[PDB]
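The chain below stands alone and is given in structure tokens; this is the form solved without tomudex (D16).
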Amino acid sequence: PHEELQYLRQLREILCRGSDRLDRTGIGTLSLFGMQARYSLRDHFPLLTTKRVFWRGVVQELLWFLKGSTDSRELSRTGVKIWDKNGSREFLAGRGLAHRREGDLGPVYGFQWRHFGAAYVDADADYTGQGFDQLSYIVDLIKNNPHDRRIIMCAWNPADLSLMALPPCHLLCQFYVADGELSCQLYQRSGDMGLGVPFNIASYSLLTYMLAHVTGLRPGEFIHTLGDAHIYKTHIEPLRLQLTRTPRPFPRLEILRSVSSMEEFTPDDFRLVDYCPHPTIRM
């Protein structure tokens, strides 16, 4: 069976028996708690096909985080605008962080991944040698102690939450090596099933391809674990449309160059082969 049917079955389950809840800000969702799906990375790349996923954004966003940036303006300069709302002075003001220049997202993914536990100043500060470099940590383990059970990169630092533009939805990823293959499990505390989750699956599957490439392994499996899996009520109609569509064969992902470090990738290193999605769906 097509692995995309896991995601579609998750949508169906939430629509059928999801709890209807309002939060303190007055917005309603349907949700279920606790889900898991598995996507093979071996012969294909799991970029969903029942709608067109924003691959250009997936790639630029991940490279942006990997270099430790917390500046939405540097992502925006690449042509990808998905963090620009969160980096705006008016958004930051709304957060209670008015003391900032446009673009300064606070200690979000890039900072946590490369400098966990360091003292955040701003998005222009030099944090070289400060904090715990989780990316270097996991690359070393995959290379030199691949069977280790602590190959973890974590983005959740509760002491830093009040400084973040947004708290991370992707709390941590764990990696696993067996029989020459690298697998990844993501724990996602909150899954916006309509707008986010297809993009999220692509992000961590890409991360796994990159890590496998750098470490001389082949991609194995991506295990997607969800906490609060939800559908915003305004997304139900477009998702009803999506659910009428039959999945097409997943594309393949090729890496065009020998790359020795997780920091040396560029967007043009990635060749996506035979991606033929159904049309974009605006949620």
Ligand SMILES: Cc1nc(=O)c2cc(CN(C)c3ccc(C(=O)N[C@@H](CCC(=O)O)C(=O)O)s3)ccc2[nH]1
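Numbering starts at 1 and follows the sequence shown.
Separately, the form solved in complex with tomudex (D16) exists; it is not shown, and the next lines address it.
Engineer: Run the clash test for me: tomudex (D16) superposed onto this form using the site C-alphas, pose taken in the bound PDB entry, blocked if at least 3 ligand atoms lie within 2.4 angstroms of backbone or C-beta, else open.
Structural biologist: Open.
Engineer: Decide whether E74 counts as a contact residue for tomudex (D16) in the bound PDB entry under a heavy atom distance cut-off of 4.5 Å.
Structural biologist: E74: no, not in contact with tomudex (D16) in the bound PDB entry.
Engineer: Does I82 reach tomudex (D16) in the bound PDB entry if we count a contact as any heavy atom within 4.5 Å?
Structural biologist: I82: yes, in contact with tomudex (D16) in the bound PDB entry.
Engineer: Test of understanding: in the bound PDB entry, would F199 fall inside 4.5 Å of tomudex (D16) by heavy atoms?
Structural biologist: Within the cut-off, so yes.
Engineer: Taking the shortest heavy atom distance, is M153 within 4.5 Å of tomudex (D16) in the bound PDB entry?
Structural biologist: No, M153 stays farther than 4.5 Å from tomudex (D16) in the bound PDB entry.
Engineer: Please identify, from 191-199, 93-101, 129-137, 110-118, the stretch that has a heavy atom within 4.5 Å of tomudex (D16) in the bound PDB entry.
Structural biologist: Stretch 191-199 is the one.
Engineer: Of 216-245, which residues get within 4.5 Å of tomudex (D16) in the bound PDB entry if you count heavy atoms?
Structural biologist: Going through 216-245 in order - heavy atoms within 4.5 Å of tomudex (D16) in the bound PDB entry - there is one hit, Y232.
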